[PDB]
Amino acid sequence: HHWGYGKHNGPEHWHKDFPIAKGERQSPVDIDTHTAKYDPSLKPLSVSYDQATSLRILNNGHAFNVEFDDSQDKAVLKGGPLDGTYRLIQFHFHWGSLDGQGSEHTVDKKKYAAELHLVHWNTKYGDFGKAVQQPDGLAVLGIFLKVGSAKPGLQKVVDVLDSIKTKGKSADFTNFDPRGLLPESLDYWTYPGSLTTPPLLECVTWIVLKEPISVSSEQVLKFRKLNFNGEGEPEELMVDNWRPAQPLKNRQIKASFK
Ligand SMILES: NS(=O)(=O)c1ccc(C(=O)NCC(F)(F)C(F)(F)F)cc1
Ligand SMILES: [Zn+2]
C-alpha cells in the first residue's frame, strides 16, 4: 500500500503522509464563474506544439501518461499569465466511473466526465525535478471532456490502452500530435494551485480552458477498462481517479474573457 483513490487510501487520507494537502494553494478548485474576475491585462495563451515529440505511454497505477521529449524547447506553452517558456513533459487524464463525474476542477459545481492535464515545466529551472520545488515551476493546461461526438485526435490514445492495461506497463507512442486534443477556443481561467496528486506540491499555475472537448461514450468507456493493479493482481478498474475540489482560501481566479 501507498496512496490511491480507494476508501482506504484515497484523497481524505493523503494529508497524513503529505500534510501540504491542507495547505493554502491546493488544487483542484471549483471555478465560480460569477466570482472569477475578468482580467483584460491577461495575454493570449501561446500553445506551440508543432514540434512536439511524443515518446511513450505508461500506466503508472493512477493514470496513464503520454510522455514527450523535453530535452529542448520543442512543445512549449508561453504567454497568458506565464513568464517565460514552459516545456511540455507529459499529459494524462482523470475520469469517472459514470459520465456525471470525473473532472477535478468543476465549473459552478458542474462536473465533467473527464479532465485532460497537459503538464509543462519552467525552463528557467533546468529540469522538471527542480521546477516542482518552485512556486512558479509548472504550468498545467486543463481541458474538460464532455461525452458526445468522438474526438478523432483522441482515438490513437484509446487504441493503445489495451497494451498498457495494468500498472507499470508501457508502450512506444511516437508521432502523437497533442494539437488534436485542443478545443477551438483558448479562452481560459487561471489561478495559482498545486499538483492534484501526492506529493501535492504548490508549484502550479493552473490554466483551465473554458471550452470542453467532446469525446464519445465508446472512447471514455476504454479509459474505464484500464486497471489500477499490476498484472496478475486482483483486478481494480481504473476509475474515479480525481481529487475533489479544495477550498479556494486566499486566492483569486482570473478570466481571460468577458
Ligand atoms: N494532476 S496534475 O496536477 O496535473 C499533476 C502533474 C504532474 C505530477 C507529477 O509530476 N508528479 C510526480 C511528482 F510530483 F510526484 C514528482 F515529484 F514530480 F515526482 C503530478 C500531478
Ligand atoms: Zn492531473
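Heavy-atom basis, side chains included; hydrogens, waters and symmetry copies ignored. When a ligand or atom number is given, it counts from 1 through the structure's own listing order. For the single chain, residues carry numbers from 1 onward in sequence order.
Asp159 has a carboxylate O that lies under 4.0 Å from a charged side-chain N of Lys222, or vice versa, which qualifies the two as a salt bridge. Between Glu235 and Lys225 no salt bridge is recorded (no basic side-chain N to carboxylate O distance below 4.0 Å). By the 4.0 Å N-to-carboxylate-O rule, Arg56 lies close enough to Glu67 to be salt-bridged with it. Salt bridge absent: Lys156 and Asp177 never bring a charged side-chain N and a carboxylate O closer than 4.0 Å. A salt bridge is defined here as a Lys NZ or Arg NE, NH1 or NH2 lying under 4.0 Å from an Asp or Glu carboxylate O, and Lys111 with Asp99 fails to meet this definition.
Protein heavy atom nearest atom 7 (C) of ligand 1, with residue, atom name and distance: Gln90 NE2, 3.8 Å. Atom 1 (N) of ligand 1 has its closest protein heavy atom at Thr196 OG1, 2.8 Å. Closest protein heavy atom to atom 21 (C) of ligand 1: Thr197 OG1, 3.1 Å. Among all non-hydrogen protein atoms, the one lying nearest atom 13 (C) of ligand 1 is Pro199 CD, 3.6 Å. Protein heavy atom in closest approach to atom 6 (C) of ligand 1: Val119 CG2, 3.8 Å.
Among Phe128, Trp121, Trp206, the residue whose heavy atom lies closest to atom 18 (F) of ligand 1 is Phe128.
A donor-acceptor contact under 3.5 angstrom links the side chains of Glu104 and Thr196, judged on distance only. Side-chain contact of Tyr5 with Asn241: a donor-acceptor pair under 3.5 Å is absent, judged by distance alone.
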Quiz item: Please walk me through it: do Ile207 and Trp189 pass side chain to side chain contact (heavy atoms under 4.5 Å, CB included)?
Solution: CA-CA 6 Å; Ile207 305 167; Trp189 294 281; over 6 Å; no

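The atom of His117 that is an N, O or S and sits closest to the Zn ion (ligand 2) is ND1. When distances from the Zn ion (ligand 2) to the N, O or S atoms of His92 are compared, NE2 comes out shortest. The N, O or S atom of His94 lying closest to the Zn ion (ligand 2) is NE2.
Proximity to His94 (heavy-atom distance under 4.0 Å) selects the following atoms of ligand 1: 1 (N).
Heavy atoms from both the backbone and the side chain of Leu195 come within less than 4.0 Å of ligand 1.
Look at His92 and you'll find a heavy atom under 4.0 Å from some atom of ligand 1.
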